[PDB]
Amino acid sequence: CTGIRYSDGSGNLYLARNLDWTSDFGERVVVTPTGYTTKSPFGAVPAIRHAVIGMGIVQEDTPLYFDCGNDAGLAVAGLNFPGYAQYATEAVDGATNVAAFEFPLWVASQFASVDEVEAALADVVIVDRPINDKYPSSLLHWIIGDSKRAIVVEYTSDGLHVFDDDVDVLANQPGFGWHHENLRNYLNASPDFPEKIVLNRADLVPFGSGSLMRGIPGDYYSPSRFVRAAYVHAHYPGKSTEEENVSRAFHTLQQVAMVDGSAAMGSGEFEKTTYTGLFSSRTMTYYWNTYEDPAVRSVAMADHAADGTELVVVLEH
Amino acid sequence: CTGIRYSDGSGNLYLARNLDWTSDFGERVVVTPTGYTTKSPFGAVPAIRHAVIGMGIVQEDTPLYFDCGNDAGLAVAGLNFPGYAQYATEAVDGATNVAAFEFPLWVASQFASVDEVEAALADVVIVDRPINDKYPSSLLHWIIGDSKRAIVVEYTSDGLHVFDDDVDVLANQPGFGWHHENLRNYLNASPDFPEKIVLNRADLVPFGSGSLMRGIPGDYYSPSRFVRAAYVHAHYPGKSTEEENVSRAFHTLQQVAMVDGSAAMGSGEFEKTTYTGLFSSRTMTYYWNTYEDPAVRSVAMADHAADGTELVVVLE
Ligand SMILES: [Mg+2]
Ligand SMILES: [Mg+2]
Ligand SMILES: [Mg+2]
Ligand SMILES: [Mg+2]
Numbered sequence: 002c003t004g005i006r007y008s009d010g011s012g013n014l015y016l017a018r019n020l021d022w023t024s025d026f027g028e029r030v031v032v033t034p035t036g037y038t039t040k041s042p043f044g045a046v047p048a049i050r051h052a053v054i055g056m057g058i059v060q061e062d063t064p065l066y067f068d069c070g071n072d073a074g075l076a077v078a079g080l081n082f083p084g085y086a087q088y089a090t091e092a093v094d095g096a097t098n099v100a101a102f103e104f105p106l107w108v109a110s111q112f113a114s115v116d117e118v119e120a121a122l123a124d125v126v127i128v129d130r131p132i133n134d135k136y137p138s139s140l141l142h143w144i145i146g147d148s149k150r151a152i153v154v155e156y157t158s159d160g161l162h163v164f165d166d167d168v169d170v171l172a173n174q175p176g177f178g179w180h181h182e183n184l185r186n187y188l189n190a191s192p193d194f195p196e197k198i199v200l201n202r203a204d205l206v207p208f209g210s211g212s213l214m215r216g217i218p219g220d221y222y223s224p225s226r227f228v229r230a231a232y233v234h235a236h237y238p239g240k241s242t243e244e245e246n247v248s249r250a251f252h253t254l255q256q257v258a259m260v261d262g263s264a265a266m267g268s269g270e271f272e273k274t275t276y277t278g279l280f281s282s283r284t285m286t287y288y289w290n291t292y293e294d295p296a297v298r299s300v301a302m303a304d305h306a307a308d309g310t311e312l313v314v315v316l317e318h
Numbered sequence: 002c003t004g005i006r007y008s009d010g011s012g013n014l015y016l017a018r019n020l021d022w023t024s025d026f027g028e029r030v031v032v033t034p035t036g037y038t039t040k041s042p043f044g045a046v047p048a049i050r051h052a053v054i055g056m057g058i059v060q061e062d063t064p065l066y067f068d069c070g071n072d073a074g075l076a077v078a079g080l081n082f083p084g085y086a087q088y089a090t091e092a093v094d095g096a097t098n099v100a101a102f103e104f105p106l107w108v109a110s111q112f113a114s115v116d117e118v119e120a121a122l123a124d125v126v127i128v129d130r131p132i133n134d135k136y137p138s139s140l141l142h143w144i145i146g147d148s149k150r151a152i153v154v155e156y157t158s159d160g161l162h163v164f165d166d167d168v169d170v171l172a173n174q175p176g177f178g179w180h181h182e183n184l185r186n187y188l189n190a191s192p193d194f195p196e197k198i199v200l201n202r203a204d205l206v207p208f209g210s211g212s213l214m215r216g217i218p219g220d221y222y223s224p225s226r227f228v229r230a231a232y233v234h235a236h237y238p239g240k241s242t243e244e245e246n247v248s249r250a251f252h253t254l255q256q257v258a259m260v261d262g263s264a265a266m267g268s269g270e271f272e273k274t275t276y277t278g279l280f281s282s283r284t285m286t287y288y289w290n291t292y293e294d295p296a297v298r299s300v301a302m303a304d305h306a307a308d309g310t311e312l313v314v315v316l317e
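If you're matching them up, the sequences are chains A and B in order.
Just so you know, the first sequence maps onto residues 2 to 318 in the authors' numbering.
Just so you know, the second sequence maps onto residues 2 to 317 in the authors' numbering.
As structure tokens, this is what we get:
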């Protein structure tokens with residue numbers, strides 16, 4: 002998984018991610034309306050304050066989101082983090098106890114800005130409370146963004162960590178602090194087309210574009226995708242239309258996507274980008290494509306009963 | 002530009018490329034039927050022996066292809082090669098003089114296999130004869146493929162060279178022999194997942210997939226794209242359906258595509274993958290998408306008169 006957050010300079014939020022996995026994820030577009038009766042194990046989600054749309058599944062009449070945004074311009078994506086994610090085993094009195102499966106629902110249904118979430122995170126404990134026996138708690142970390150900025154949330158063996166994500170990207174393991182320091186290993190990567198370079202007495206000119214981009218890794222390893230996404234995302238010029246900003250998400254994430262054959266897991270199956278999803282607050286719309294079809298599909302929250310009482314598993318797009 | 006050639010193990014050819022440029026290229030899907038009256042400046046294309054379909058433009062009622070395939074399972078793509086391409090300044094008496102703009106037309110309209118074009122290339126001189134004053138000869142090199150194999154044609158200051166493209170990919174500068182030798186700098190790149198590596202006394206386990214793919218470069222530089230394409234293309238599992246082989250082309254080329262902001266040209270403008278096109282001999286169809294829209298569009302040759310008499314510029 003790799004995720005990005007950006008804006009259009011006019012207060013609109015774009016948050017997008019690749020879902021990387023070895024097989025079909027079973028993902029569906031799920032709308033959570035304001036009238037839905039919540040099922041929050043520790044009361045962290047007592048009611049839906051903001052309607053939510055995103056990719057996930059429904060179990061026990063509960064939306065299990067992989068990524069989602071709400072009707073107030075805040076979005077969140079949960080990216081794989083096994084070996085580093087380690088949730089609390091029990092709720093803590095007086096804390097905001099959030100089941101791991103409901104954390105993105107908590108972010109999106111409760112708050113309207115990163116400022117609000119970050120303040121609420123001061124007392125948050127994320128608890129290993131599986132939705133049921135079929136689905137243990139996914140081991141994840143999260144990127145949360147509004148039109149202004151992004152934060153990263155990592156709950157590990159020594160507790161809750163919240164980071165200022167000043168590169169607006171996230172990948173997988175290891176922790177965000179490690180990736181951020183790792184950026185300092187690529188200080189000579191640049192899109193610039195250099196003036197002619199004389200090495201000793203050799204006149205060296207570029208073959209073409211990208212001569213100073215050398216060093217940006219192209220492998221599928223999580224630290225490499227973080228660096229490659231951080232570079233591409235930082236240098237992508239800002240856009241002011243919905244169409245160009247949708248195109249920016251899918252192009253940026255194709256730069257860090259995974260295709261068949263190039264990197265196996267321990268099972269021998271190849272990890273692939275199974276879907277790429279984007280939430281746009283400007284149009285209150287979730288866009289996506291899949292490994293099998295690059296055409297962009299979309300579901301608008303305005304097309305569904307966002308003030309209804311039941312979770313909507315969207316079939317039409 | 003980056004191009005690839007592959008098959009499905011059933012005799013069907015797939016040849017696809019990214020076109021990388023700083024602005025809109027104006028490209029259209031052009032069908033050249035067998036009844037079209039040619040305009041070959043030195044007679045290298047006296048008639049259309051095989052109908053042709055691909056991406057290009059039309060000038061002076063002449064199809065100027067960027068890439069194309071024919072009704073016999075042979076395809077060709079011209080990729081940018083400035084600084085290394087150098088054509089003959091004039092036609093050579095007694096040779097097969099092919100104008101640079103018509104070389105892909107010559108390949109696709111005349112021959113039915115790589116064997117045939119390779120035999121014919123022994124007498125070929127490629128000439129800097131522009132189509133008109135508005136379009137100088139594009140400086141290019143070509144990948145040519147059928148279901149069996151690919152060759153690379155480079156016409157430089159040393160004349161015509163034909164290479165066995167045993168990695169089935171092509172990028173831009175420098176020459177193919179340089180890139181092929183450069184592949185030997187990445188011998189430890191592998192998709193394999195190692196369970197654990199002991200370094201001194203440290204137990205090292207991968208963070209996840211791709212730990213042995215480290216070293217594959219991710220930058221937009223032409224040699225880097227050659228290496229990156231060679232790796233991805235070599236390791237993509239062979240597929241037997243049209244749908245999966247179409248998907249293979251666009252996923253493989255998205256791995257070496259260029260997006261806005263990441264690599265500037267001398268002008269300061271950013272080089273981007275303006276379109277990605279694929280020729281499929283199985284369905285005699287040209288597929289493509291664009292920087293502005295990733296949805297795959299397609300034109301089937303069967304929907305047009307492959308034995309008509311006029312160039313067809315496809316719209317809608
Ligand atoms: Mg799927
Ligand atoms: Mg509290
Ligand atoms: Mg275009
Ligand atoms: Mg992995």
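Even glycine gets a Cβ: it sits at the ideal position worked out from N, Cα and C.
Under 8 Å Cβ-Cβ, which residues of chain B neighbour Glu-243(A)? Here the premise fails: no neighbours, minimum Cβ distance about 13 Å.
Neighbourhood of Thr-90(A) by C-beta, 7 Å cutoff - its chain only, sequence neighbours within 5 removed: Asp-129.
Three-state secondary structure (DSSP) at residue 1(A)? Residue 1(A) lies beyond the residue range present for chain A, which begins at 2 and ends at 318; the question has no answer from this structure.
When you compare the CB positions of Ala-17(A) and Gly-278(A), do they come within less than 8 Å of one another, or not? Yes, the Cβ-Cβ distance between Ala-17(A) and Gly-278(A) is below 8 Å.
Mind listing, in chain order, the continuous beta strand (DSSP E) runs of no fewer than 3 residues lying wholly within the region 56-106 of chain A? Listed in chain order, the complete beta strand (DSSP E) runs (minimum 3 residues) inside the region 56-106 of chain A are 63-71, 76-81 and 97-100.
Assign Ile-54(B) to one of two classes, buried (16 or more other C-beta atoms within 10 Å of its C-beta) or exposed (fewer than that). buried
With DSSP as the reference, please indicate the residues paired to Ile-198(A) in a beta bridge. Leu-205(A)
Measuring only between beta-carbons, confirm whether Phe-194(B) sits less than 8 Å from chain A. yes
Separation of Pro-42(A) from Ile-132(A), as counted between CA atoms: 9 Å
Presumed contact (8 Å Cβ cut-off) between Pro-105(B) and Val-77(B), rounded CB distance: 5 Å
Of the residues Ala-235(B), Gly-219(B) and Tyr-276(B), the one placed nearest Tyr-7(B), counting alpha carbons only: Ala-235(B)
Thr-253(A): contacting residues in chain B (beta-carbon distance under 8 Å): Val-260
Closer than 7 Å: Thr-286(A) CB and nearest ligand 3 heavy atom: No, Cβ of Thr-286(A) sits at least 7 Å from all heavy atoms of ligand 3.
Name, please, each residue of chain B whose Cβ falls closer than 7 Å to the Cβ of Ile-217(A). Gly-219 and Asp-220
Three-state secondary structure assigned by DSSP to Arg-185(A): Of the three classes helix, strand and coil, the one that applies to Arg-185(A) here is helix, per DSSP.
Tell me, to the nearest whole angstrom, how far the beta carbon of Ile-152(B) is from that of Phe-164(B); I am working on the premise that it is less than 8 Å. 6 Å
Please indicate yes or no: does the CB of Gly-209(B) lie closer than 7 Å to some heavy atom of ligand 4? yes
Using a Cβ-Cβ distance cut-off of 8 Å, determine whether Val-233(A) contacts chain B. yes
Taking DSSP as the reference, what is the three-state secondary structure of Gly-178(B)? helix
Below 7 Å, is the gap between the Cβ of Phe-26(A) and the nearest heavy atom of ligand 1? yes
Leaving out five residues on either side along the sequence, give the residues of the same chain with a beta carbon under 8 Å from the beta carbon of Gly-209(B). none
Assuming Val-99(A) and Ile-127(A) make a contact with CB atoms under 8 Å, what is their CB distance in whole Å? Correct: roughly 5 Å between the Cβ atoms.
Segment contact flag, the region 255-267 of chain A with the region 248-265 of chain B, C-beta cutoff 8 Å, min 3 pairs: Cβ pair count under 8 Å is three or more, so yes.
With respect to 7 Å, is the separation between the Cβ of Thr-274(A) and the closest non-hydrogen atom of ligand 1 below this value? no
Distance cutoff 8 Å, beta carbons only. Does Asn-19(B) sit that close to anything in chain A? Residue-level contact by beta carbon fails for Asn-19(B) and chain A, as no gap is shorter than 8 Å.
Option in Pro-195(B), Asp-147(B), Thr-274(B) and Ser-138(B) with minimal Cα separation from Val-108(B): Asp-147(B)
Less than 8 Å between CB atoms is the rule here; does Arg-185(B) satisfy it with respect to chain A? no
Please go through the same chain and pick out, in chain order, the residues whose beta-carbon is closer than 7 Å to the beta-carbon of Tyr-237(A), but skip the five residues on each side of it. Within the same chain, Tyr-237(A) has close Cβ partners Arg-249 and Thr-253.
Comparing the C-beta of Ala-265(A) with each C-beta of chain B, is any distance below 8 Å? yes
Do the CB positions of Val-31(B) and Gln-111(B) come within less than 8 Å of each other? no
How should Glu-28(A) be labelled, buried or exposed, when 16 other C-beta atoms within 10 angstroms of its C-beta is the threshold for buried? Buried, by the Cβ-count rule.
As an exercise, report each continuous beta strand (DSSP E) stretch of at least 3 residues that is fully enclosed by the region 146-172 of chain B, in chain order. Fully contained in the region 146-172 of chain B are the following beta strand (DSSP E) runs of length 3 or more, in chain order: 151-157 and 160-165.
Closer than 7 Å by C-beta to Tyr-37(B): which residues in its own chain qualify, once you throw out the five before and the five after it? Chain order, please. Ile-49, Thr-310, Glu-311 and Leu-312
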